[PDB]
Structure formats: structure tokens, C-alpha cells
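Structure file target15.txt (compact mmCIF, C-alpha atoms) is printed below.
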```
# COMPACT_ATOMS: atom_id res chain seq x y z
CA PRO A 11 101.57 144.19 83.96
CA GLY A 12 99.92 142.52 86.95
CA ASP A 13 102.66 139.92 87.38
CA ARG A 14 101.45 139.01 90.88
CA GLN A 15 97.89 138.23 89.74
CA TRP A 16 98.68 135.64 87.05
CA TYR A 17 102.37 135.68 86.08
CA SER A 18 103.55 134.89 89.62
CA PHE A 19 101.75 131.54 89.80
CA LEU A 20 102.46 130.43 86.22
CA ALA A 21 106.09 131.51 86.63
CA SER A 22 106.85 128.44 88.75
CA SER A 23 105.39 126.12 86.11
CA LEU A 24 107.27 127.91 83.32
CA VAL A 25 110.55 127.76 85.25
CA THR A 26 110.07 124.06 86.02
CA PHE A 27 109.40 123.32 82.34
CA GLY A 28 112.45 125.37 81.37
CA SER A 29 114.60 123.48 83.87
CA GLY A 30 113.32 120.20 82.44
CA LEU A 31 114.17 121.42 78.94
CA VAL A 32 117.65 122.43 80.11
CA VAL A 33 118.16 118.99 81.68
CA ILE A 34 116.99 117.18 78.54
CA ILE A 35 119.20 119.39 76.35
CA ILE A 36 122.21 118.67 78.57
CA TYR A 37 121.41 114.94 78.40
CA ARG A 38 121.18 115.06 74.60
CA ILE A 39 124.46 116.99 74.38
CA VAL A 40 126.19 114.45 76.63
CA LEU A 41 124.79 111.57 74.57
CA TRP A 42 125.80 113.16 71.24
CA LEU A 43 128.22 116.09 71.58
CA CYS A 44 130.08 114.80 74.66
CA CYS A 45 131.10 111.30 75.74
CA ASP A 86 113.44 97.96 86.44
CA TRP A 87 111.99 97.62 89.94
CA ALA A 88 110.30 101.00 89.52
CA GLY A 89 109.21 99.84 86.06
CA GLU A 90 107.51 96.94 87.82
CA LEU A 91 105.96 99.44 90.26
CA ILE A 92 104.00 101.02 87.37
CA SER A 93 103.12 97.69 85.76
CA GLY A 94 99.59 96.68 84.81
CA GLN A 95 97.61 93.81 86.33
CA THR A 96 100.37 93.27 88.91
CA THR A 97 99.24 94.02 92.45
CA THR A 98 101.78 96.79 93.10
CA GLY A 99 101.09 98.57 89.82
CA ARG A 100 97.34 98.08 90.16
CA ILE A 101 97.30 99.56 93.67
CA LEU A 102 99.55 102.47 92.68
CA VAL A 103 97.49 103.38 89.61
CA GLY A 104 94.22 103.07 91.53
CA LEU A 105 95.53 105.29 94.31
CA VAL A 106 96.72 107.88 91.79
CA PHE A 107 93.34 107.79 90.03
CA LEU A 108 91.30 108.20 93.23
CA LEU A 109 93.60 111.01 94.38
CA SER A 110 93.03 112.70 91.01
CA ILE A 111 89.28 112.35 91.57
CA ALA A 112 89.63 113.92 95.02
CA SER A 113 91.76 116.77 93.66
CA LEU A 114 89.21 117.48 90.93
CA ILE A 115 86.38 117.41 93.49
CA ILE A 116 88.12 119.84 95.85
CA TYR A 117 89.01 122.09 92.90
CA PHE A 118 85.33 122.13 91.91
CA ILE A 119 84.38 122.96 95.50
CA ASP A 120 86.89 125.82 95.59
CA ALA A 121 85.66 127.15 92.24
CA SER A 122 82.03 127.03 93.39
CA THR A 123 82.87 128.90 96.61
CA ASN A 124 85.23 131.33 94.86
CA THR A 125 84.37 135.01 95.25
CA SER A 135 94.84 127.89 105.26
CA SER A 136 92.14 125.22 104.98
CA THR A 137 91.86 121.49 105.62
CA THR A 138 91.23 120.92 101.91
CA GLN A 139 94.44 122.85 101.21
CA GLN A 140 96.44 120.47 103.42
CA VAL A 141 94.74 117.47 101.80
CA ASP A 142 95.67 118.84 98.37
CA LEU A 143 99.25 119.41 99.54
CA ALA A 144 99.53 115.81 100.76
CA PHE A 145 98.05 114.52 97.50
CA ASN A 146 100.54 116.64 95.54
CA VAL A 147 103.36 115.22 97.68
CA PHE A 148 102.21 111.72 96.75
CA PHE A 149 101.96 112.83 93.10
CA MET A 150 105.51 114.19 93.06
CA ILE A 151 106.83 111.04 94.74
CA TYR A 152 105.11 109.00 92.02
CA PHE A 153 106.53 111.36 89.38
CA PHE A 154 110.06 110.82 90.70
CA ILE A 155 109.42 107.06 90.80
CA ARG A 156 108.45 107.11 87.13
CA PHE A 157 111.45 109.38 86.48
CA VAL A 158 113.92 106.80 87.79
CA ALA A 159 112.12 104.23 85.59
CA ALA A 160 112.10 106.35 82.42
CA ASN A 161 113.44 104.26 79.54
CA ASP A 162 114.19 107.36 77.44
CA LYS A 163 114.35 110.85 78.93
CA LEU A 164 113.95 112.35 75.44
CA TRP A 165 110.17 111.96 75.74
CA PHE A 166 109.68 111.70 79.51
CA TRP A 167 110.14 115.36 80.47
CA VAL A 168 107.91 116.41 77.53
CA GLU A 169 105.22 113.76 78.07
CA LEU A 170 101.61 114.75 78.71
CA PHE A 171 101.64 113.69 82.37
CA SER A 172 104.85 115.69 82.80
CA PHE A 173 102.95 118.78 81.62
CA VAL A 174 100.07 117.86 83.95
CA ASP A 175 102.32 117.77 87.01
CA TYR A 176 104.20 120.88 85.82
CA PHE A 177 100.95 122.86 85.70
CA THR A 178 99.54 121.21 88.85
CA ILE A 179 102.20 121.07 91.58
CA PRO A 180 104.24 124.33 91.25
CA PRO A 181 101.00 126.36 91.04
CA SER A 182 99.90 124.65 94.26
CA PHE A 183 103.23 125.58 95.87
CA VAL A 184 102.87 129.22 94.82
CA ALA A 185 99.23 129.38 95.96
CA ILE A 186 100.16 127.91 99.36
CA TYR A 187 103.16 130.23 99.81
CA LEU A 188 101.41 133.42 98.67
CA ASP A 189 98.08 132.63 100.42
CA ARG A 190 95.80 133.37 97.47
CA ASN A 191 92.77 131.64 95.95
CA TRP A 192 94.42 131.17 92.53
CA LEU A 193 92.96 128.01 91.02
CA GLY A 194 96.00 127.41 88.82
CA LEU A 195 95.69 124.53 86.37
CA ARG A 196 94.61 121.80 88.79
CA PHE A 197 91.76 120.91 86.41
CA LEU A 198 94.42 119.26 84.23
CA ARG A 199 94.51 116.55 86.92
CA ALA A 200 91.17 115.44 85.45
CA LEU A 201 93.22 114.31 82.44
CA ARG A 202 94.44 111.47 84.67
CA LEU A 203 90.87 110.14 84.40
CA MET A 204 92.14 108.64 81.12
CA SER A 205 93.42 105.78 83.30
CA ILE A 206 89.81 104.70 83.97
CA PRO A 207 89.59 101.93 81.31
CA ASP A 208 93.02 100.37 81.92
CA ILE A 209 92.25 100.09 85.64
CA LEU A 210 89.02 98.32 84.68
CA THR A 211 91.07 96.13 82.34
CA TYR A 212 93.35 95.58 85.33
CA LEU A 213 90.30 94.73 87.46
CA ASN A 214 88.94 92.50 84.65
CA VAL A 215 85.42 93.91 84.60
CA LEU A 216 85.24 94.84 80.88
```

Here is the file; what I need is its structure written in the form of C-alpha cells.
Amino acid sequence: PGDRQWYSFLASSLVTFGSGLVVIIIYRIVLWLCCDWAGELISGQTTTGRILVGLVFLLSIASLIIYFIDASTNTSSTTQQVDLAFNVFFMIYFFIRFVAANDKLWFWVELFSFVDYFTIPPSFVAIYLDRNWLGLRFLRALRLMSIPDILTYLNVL
């Protein structure tokens, strides 16, 4: 079956998504069957939100660039540690938006949730297993969708 080649890396992402689905199902059951400052942190033109979104966007650019470099040179490293630090920042930001989620019914299933699901656990598995699996880090390029809003936050267009 070749589970180590492809299934091993995607297994972490699948298990994380399944755990999120279990959590959301438990939350729905509790809400139905059973008995912010962070919101300001991801605001728009505000300085804190502007800085946070710009940092996330530039880190996404750097992650895409290093992924392209790895793909070009494809047949530990300093770029691996840089990617690990950027993923740590990304997961901290993900938890920050988690504690600011107005409704968890659509937070765990949101597009950026899928992006981090297919980005970070694959990075963990690649680091632990010491393999050149690219994973789905290219999905970080989806974060480039924040380009116009940042400009709208910088008031250039």
C-alpha cells in the first residue's frame, strides 16, 4: 500500500481534521442535545490587526518561496528551521483566531482551517520522519488572497 510514502504524511492532516470534526460535533450536541480582545487583534486598519495580517502575509510569501526552492532542488536544513518557526507563528495565530471565533460551527471547517490542517501537520511529519515530502505547503499561497485588504488597510488603492 505504500503507507509510509504518502499515507503517513497525510495521516496527520486527516487525523487533525477528524479531531476538529469530533470537537464540532460534541459542541453541537452540547448546544442542542445536552444542556473580543483577540477579535480586535485580527481587526482591519487598526495597527495591531494590520501588523498581524502583514506579518502573516509575508510569512506566507516566505513559506511559498522556500517550498519553491525545495521543489526545484528536489531529486535538517536552515530553511527547515525557518519553516518550523513560521509554522509555530501560524499555529499561534490560528489559536488566537480560535479563541476569537464567534461561531465554531464554521470555524473548524473554514478555508484557512483547511490550509493550516494541510500545512502544519505535514510539516511536523516531514520534520519527524526526515523526508523530503513537500506535503501541501503550496496551499499557503492561498493566504495571498489577503493582498488587497492589506492594501486597503495601507490605503494605497

| remark: Residue with the minimum atom-to-atom distance to residue 175 in chain A, picked from A:198, A:116, A:39, A:209 with only C-alpha atoms counted, is A:198

Please provide as a compact mmCIF listing (two decimals) with C-alpha atoms, keeping the file's coordinate frame all residues within 10 Å of residue 193 in chain A, with the sequence filter that same-chain residues fewer than 5 positions apart are discarded (counting only C-alpha atoms).
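Contents of the output file out29.txt:
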```txt
# COMPACT_ATOMS: atom_id res chain seq x y z
CA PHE A 19 101.75 131.54 89.80
CA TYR A 117 89.01 122.09 92.90
CA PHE A 118 85.33 122.13 91.91
CA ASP A 120 86.89 125.82 95.59
CA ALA A 121 85.66 127.15 92.24
CA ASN A 124 85.23 131.33 94.86
CA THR A 178 99.54 121.21 88.85
CA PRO A 181 101.00 126.36 91.04
CA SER A 182 99.90 124.65 94.26
CA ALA A 185 99.23 129.38 95.96
```

| request: Can you pull out every residue within 12 Å of residue 99 in chain A, counting all atoms listed in the file, but drop anything in the same chain fewer than 5 positions away, and send it as a PyMOL selection string? | output: chain A and resi 87-94+104-106+152+155-156+208-209+212-213

| said: Please determine, counting all atoms listed in the file, which residue among A:147, A:119, A:102, A:109 has the shortest atom-to-atom distance to residue 179 in chain A. | reply: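 Nearest candidate to residue 179 in chain A out of A:147, A:119, A:102, A:109: A:147.
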
| request: Mind listing whatever residues come within 7 Å of the point (94.2, 118.1, 87.2)? Use only C-alpha atoms, file coordinates, and give them as a VMD selection string. | output: chain A and resid 110 114 174 178 195 to 201

| field | Selected residue of minimal separation from residue 148 in chain A among A:188, A:103, A:31, A:21, counting only C-alpha atoms | value |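 Smallest separation from residue 148 in chain A among the options: A:103.
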
| task | Work out how far apart CA of residue 139 in chain A and CA of residue 172 in chain A are and give it in Å to one decimal. | result |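 Between these atoms lies a distance of 22.3 Å.
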
| request: For CA of residue 167 in chain A and CA of residue 30 in chain A, determine how far apart the two atoms are, in Å to one decimal place. | output: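 Between CA of residue 167 in chain A and CA of residue 30 in chain A the gap works out to 6.1 Å.
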
| said: Give me, as a PyMOL selection string, all polymer residues having an atom no more than 12 Å from residue 136 in chain A, counting all atoms listed in the file and skipping those fewer than 2 positions away in the same chain. | reply: chain A and resi 116+120+138-143+186+189-191

| query | Counting all atoms listed in the file, which of A:42, A:37, A:192, A:107 gets nearest to residue 162 in chain A? | reply | A:37

| query | Using all atoms listed in the file, which of the listed residues (A:17, A:153, A:177, A:166) sits closest to residue 33 in chain A? | reply |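 Once distances to residue 33 in chain A are computed over all atoms listed in the file, the minimum belongs to A:166.
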
| query | Mind pulling up the distance from CA of residue 171 in chain A to CA of residue 202 in chain A? | reply |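 CA of residue 171 in chain A lies 7.9 Å from CA of residue 202 in chain A.
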
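Considering the residues A:184, A:215, A:204, A:35 and counting only C-alpha atoms, residue 22 in chain A has its shortest atom-to-atom contact with A:184.
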